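Notes to accompany the following structure.
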Amino acid sequence: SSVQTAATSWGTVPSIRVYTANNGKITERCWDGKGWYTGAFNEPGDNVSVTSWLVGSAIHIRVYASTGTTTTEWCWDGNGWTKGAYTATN
Amino acid sequence: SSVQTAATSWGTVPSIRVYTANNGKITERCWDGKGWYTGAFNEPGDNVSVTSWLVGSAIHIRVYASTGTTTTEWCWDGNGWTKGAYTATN
Amino acid sequence: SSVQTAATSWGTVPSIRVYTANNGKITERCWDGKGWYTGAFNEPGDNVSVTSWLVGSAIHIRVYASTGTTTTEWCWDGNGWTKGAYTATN
Ligand SMILES: C[C@@H]1O[C@@H](O[C@H]2[C@H](O[C@H]3[C@H](O)[C@@H](O)[C@H](O)O[C@@H]3CO)O[C@H](CO)[C@H](O)[C@@H]2O)[C@@H](O)[C@H](O)[C@@H]1O
Ligand SMILES: C[C@@H]1O[C@@H](O[C@H]2[C@H](O[C@H]3[C@H](O)[C@@H](O)[C@H](O)O[C@@H]3CO)O[C@H](CO)[C@H](O)[C@@H]2O)[C@@H](O)[C@H](O)[C@@H]1O
Ligand SMILES: C[C@@H]1O[C@@H](O[C@H]2[C@H](O[C@H]3[C@H](O)[C@@H](O)[C@H](O)O[C@@H]3CO)O[C@H](CO)[C@H](O)[C@@H]2O)[C@@H](O)[C@H](O)[C@@H]1O
Ligand SMILES: C[C@@H]1O[C@@H](O[C@H]2[C@H](O[C@H]3[C@H](O)[C@@H](O)[C@H](O)O[C@@H]3CO)O[C@H](CO)[C@H](O)[C@@H]2O)[C@@H](O)[C@H](O)[C@@H]1O
Ligand SMILES: C[C@@H]1O[C@@H](O[C@H]2[C@H](O[C@H]3[C@H](O)[C@@H](O)[C@H](O)O[C@@H]3CO)O[C@H](CO)[C@H](O)[C@@H]2O)[C@@H](O)[C@H](O)[C@@H]1O
Ligand SMILES: C[C@@H]1O[C@@H](O[C@H]2[C@H](O[C@H]3[C@H](O)[C@@H](O)[C@H](O)O[C@@H]3CO)O[C@H](CO)[C@H](O)[C@@H]2O)[C@@H](O)[C@H](O)[C@@H]1O
Ligand SMILES: [Cl-]
Ligand SMILES: [Cl-]
Ligand SMILES: [Cl-]
């Protein structure tokens with residue numbers, strides 16, 4: 001078995017984010033044009049997906065983290081990661 | 001083992017779609033700015049990926065669903081889900 | 001167990017790429033509006049993710065391929081696939 005990743009990118013630079021689900025934990029590596037660095041995102045999960053969009057130069061990222069049948073959305077909206085409205089019945 | 005997701009988003013709102021492969025079936029949860037709701041997409045699959053693009057304000061989504069070595073593209077083009085041209089030799 | 005895919009798309013056509021991790025190897029199927037065809041990308045991996053961005057009409061793709069705890073970035077920047085700066089500590 002391998003680790004599992006999800007990626008997103010924005011802008012002209014570009015900025016890239018790469019999330020890795022590994023042993024029940026999802027972590028983050030970031031590029032803003034000046035070296036890979038380890039980002040603030042650190043939440044539980046066995047599976048991960050991501051999407052992102054820009055509002056002007058401001059980035060909004062949504063990360064879907066899954067453990068068993070439960071998916072939790074994590075929201076970056078410019079200040080920190082907050083838990084999003086997302087619900088499902090899996 | 002965990003459920004597996006894939007996500008895409010578009011526009012200023014934004015609209016988001018989140019596909020979940022769970023027990024051989026792929027289902028869909030949608031956001032258009034006014035609550036998560038369960039979308040029309042419901043097709044077989046153990047793995048899922050997605051990409052999407054806008055033609056004006058019209059959304060085109062492509063969902064790649066895999067069972068065993070077979071991938072099937074599903075196409076949203078404004079009216080309903082149709083099976084796309086995609087073929088592979090896995 | 002199923003094969004595992006990752007998808008990205010760009011432009012008005014659109015062009016689409018679909019990467020499939022199957023039995024330790026990641027391969028690529030491409031659409032540029034005129035039939036699916038098998039692309040140049042062929043590197044080892046059990047898991048795959050992708051993101052892409054346009055600089056004018058030029059496409060930059062980044063493919064994250066994972067085996068065990070090691071992720072390798074592969075870079076398309078208009079000429080061929082090169083191994084990218086990405087590092088992580090998984
Ligand atoms: C998107 C966000 O990125 C990291 O957050 C750090 C933040 O990054 C800035 C970055 O310096 C800037 O060039 C980029 O274009 O936008 C980000 C802000 O949206 O910088 C702050 C301090 O200024 C902290 O270091 C943040 O942690 C990452 O850590 C977050 O998890 C998330 O991916
Ligand atoms: C896209 C959507 O985002 C959340 O929905 C909440 C919505 O999010 C605002 C957020 O407060 C703001 O920081 C950002 O600039 O824009 C978001 C909208 O794109 O805010 C509303 C009304 O205040 C509610 O709080 C929504 O729950 C997230 O919860 C959704 O699941 C979805 O990802
Ligand atoms: C993309 C498509 O979305 C759902 O389809 C439902 C459709 O959604 C509208 C939505 O109300 C609108 O705000 C959004 O911006 O575009 C969608 C149309 O492209 O609304 C119709 C009735 O008007 C039905 O409810 C559709 O089911 C989802 O169900 C589809 O699977 C797909 O994700
Ligand atoms: C992007 C491409 O989409 C399908 O290719 C078919 C192509 O799709 C049209 C579709 O009929 C139309 O509703 C939408 O507005 O635009 C699509 C092109 O982006 O149509 C052609 C010629 O009629 C063929 O029918 C193509 O098969 C899908 O089949 C491809 O695999 C790919 O996802
Ligand atoms: C993105 C790149 O695509 C394939 O590379 C082949 C390349 O494709 C062109 C394509 O014809 C053009 O319409 C598209 O818009 O841009 C691509 C160039 O960036 O064509 C060359 C010869 O001209 C070779 O056939 C390339 O292999 C794919 O093979 C690459 O792996 C990658 O996905
Ligand atoms: C986005 C970034 O791409 C690599 O970073 C290298 C950077 O890539 C250039 C590339 O040489 C060029 O062909 C393309 O047009 O633009 C890229 C930047 O977007 O080039 C710098 C300085 O020369 C370094 O060589 C960087 O390593 C990749 O290595 C990063 O991990 C990331 O994906
Ligand atoms: Cl670096
Ligand atoms: Cl809601
Ligand atoms: Cl074809």
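Residue numbers start from 1 in every chain, and the chains themselves are labelled A, B, ... in the order their sequence lines are given, proteins ahead of strands. Counting convention: from 1, in listed order, for ligands and their atoms alike.
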How close do [X] and [Y] get, heavy atom to heavy atom, and via which atoms?
X	Y	result
C:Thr27	C:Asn42	CG2-ND2, 3.8 Å
C:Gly33	C:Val13	CA-CG1, 3.7 Å
A:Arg29	A:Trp36	O-CZ3, 3.7 Å

Under 4.0 Å from a heavy atom of [X]: give me the atoms of ligand 6 that qualify, with their elements.
X	answer
C:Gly84	29 (O)
C:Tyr86	31 (O)
A:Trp36	30 (C), 31 (O)
C:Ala85	27 (O), 28 (C), 29 (O), 31 (O)

Next on the checklist: Can a donor-acceptor pair be found, under 3.5 Å and without considering hydrogens, that links the side chain of C:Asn47 to the backbone of A:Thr5?
Outcome noted: yes

Checklist entry - With no hydrogens and no angle check, is any side-chain donor or acceptor of A:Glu73 less than 3.5 Å from a backbone partner on A:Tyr86? => result yes

Tabulated below should be the N or O atoms of ligand 1 paired with protein N or O atoms at under 3.5 Å; can you produce that?
unit_1: ligand 1; atom_1: 3 (O); unit_2: A:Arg17; atom_2: NH2; d: 2.8
unit_1: ligand 1; atom_1: 29 (O); unit_2: A:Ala40; atom_2: N; d: 2.8
unit_1: ligand 1; atom_1: 31 (O); unit_2: A:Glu28; atom_2: OE1; d: 2.9
unit_1: ligand 1; atom_1: 31 (O); unit_2: A:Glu28; atom_2: OE2; d: 3.4
unit_1: ligand 1; atom_1: 31 (O); unit_2: A:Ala40; atom_2: N; d: 3.4
unit_1: ligand 1; atom_1: 31 (O); unit_2: A:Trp81; atom_2: NE1; d: 2.8
unit_1: ligand 1; atom_1: 33 (O); unit_2: A:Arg17; atom_2: NE; d: 2.9
unit_1: ligand 1; atom_1: 33 (O); unit_2: A:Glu28; atom_2: OE2; d: 2.6

Next on the checklist: Pairs of nitrogen or oxygen atoms closer than 3.5 Å, one from C:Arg62 and one from ligand 6: do any exist?
Outcome noted: yes

Next on the checklist: Does this structure show an ion pair linking A:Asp32 with A:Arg17, if we count only N-O contacts that are shorter than 4.0 Å?
Outcome noted: yes

Checklist entry - Does a salt bridge link A:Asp77 with A:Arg62, judged by any charged N lying under 4.0 Å from a carboxylate O? => result yes

Next on the checklist: Taking the six-membered ring for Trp, are C:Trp81 and C:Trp74 closer than 6.0 Å centroid to centroid?
Outcome noted: no

